[PDB]
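Shown below, as structure tokens, is a lone chain in the form deposited in one PDB entry; questions about how it binds or moves come after it.
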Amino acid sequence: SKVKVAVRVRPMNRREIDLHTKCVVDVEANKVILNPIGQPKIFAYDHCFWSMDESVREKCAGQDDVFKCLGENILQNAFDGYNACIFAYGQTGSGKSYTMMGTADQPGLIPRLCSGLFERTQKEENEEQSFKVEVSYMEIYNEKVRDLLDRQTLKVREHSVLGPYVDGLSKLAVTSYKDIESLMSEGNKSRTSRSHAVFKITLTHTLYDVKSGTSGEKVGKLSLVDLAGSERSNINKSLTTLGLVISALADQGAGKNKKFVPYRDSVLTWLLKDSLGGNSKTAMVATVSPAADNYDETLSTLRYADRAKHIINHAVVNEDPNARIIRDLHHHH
């Protein structure tokens, strides 16, 4: 199916109100309207998120709104055995980290996803099924991969059956929200700006046919990606190549060229090869600032978001034969 695209407009901050910077971003349903400072440009997306102001009430509603629309679906995708990915893209200060991680007072997607994950595994585990949860957390800076849960820099390779992976990146089993919160909290403290963070959850769902004792695995993966600022040769390579990737895959999603998609020209696009054009259910959250002083970066974000929704993915359930048979036998009962 198509890459899902959401656009999130952060509200006017105090500086923009104090200095009379004009608000140029309007939203109506799932349409974004960019006004000039010379015709109104209208973009259409799957979802649009916006807030009336920065009050606690509106911010609480905003984070809940994003999770209700994107968080639940990606959680469900992982429980159905899909690789799923949310990546936030946009100018610095537009809301990428606020959306993906949030703050202590305003938790974002990742805290809610981790809470819902363990809520669900602990609710659903029974004689017919169990769940294993493993997390990795890594950062891409200057085309180098650092392990945030810890071999000073790690190499990307791609296996013909396993896909791209980070050689030597720790993958830690977790059994509760507090385990994973403590890991993400220490990863969060180990950052380095123009870097990309990737939070990866692997959900292994073992199904058991109690009559036979046969068992099988269905593996879901969550990739929660908080990219570097889109406004910005090594240090920009991943960001620049993602633009080309999105453009090339978007052309193919229609009928232009037929089109060098340069996945392996950067660490970021190589590790996201499946997330874009491959075996994944993927959502983009494009974050934009609302006011006149960012009109141009906003337009550029809106445009890449506009192309990204023409990208075609081919997601399959990642399960062994026993898991598929045992699962179907359970859906029949």
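In this text, the rigid core denotes the largest set of C-alpha atoms whose superposition between the two forms falls within 1.5 Å. Residue positions are given as counts along the sequence shown, with the first one as 1.
One more form of this protein, deposited in another entry, exists but is not displayed; see below.
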Considering only 171, 144, 157, 178, single out the residue whose C-alpha is displaced by at least 2 Å between the shown form and the other one after superposing the rigid core.
157
Answer yes if the CA of residue 322 moves 2 Å or more between the shown form and the other one after aligning the rigid core, and no otherwise.
yes
Out of closer and farther, which fits the Cα atoms of residue 219 and residue 321 in the other entry compared with this form, where the change is 3 Å or more?
closer
Looking in the other entry, decide if the C-alpha atoms of residue 324 and residue 119 are closer or farther than in the form shown; they differ by 3 Å or more.
farther
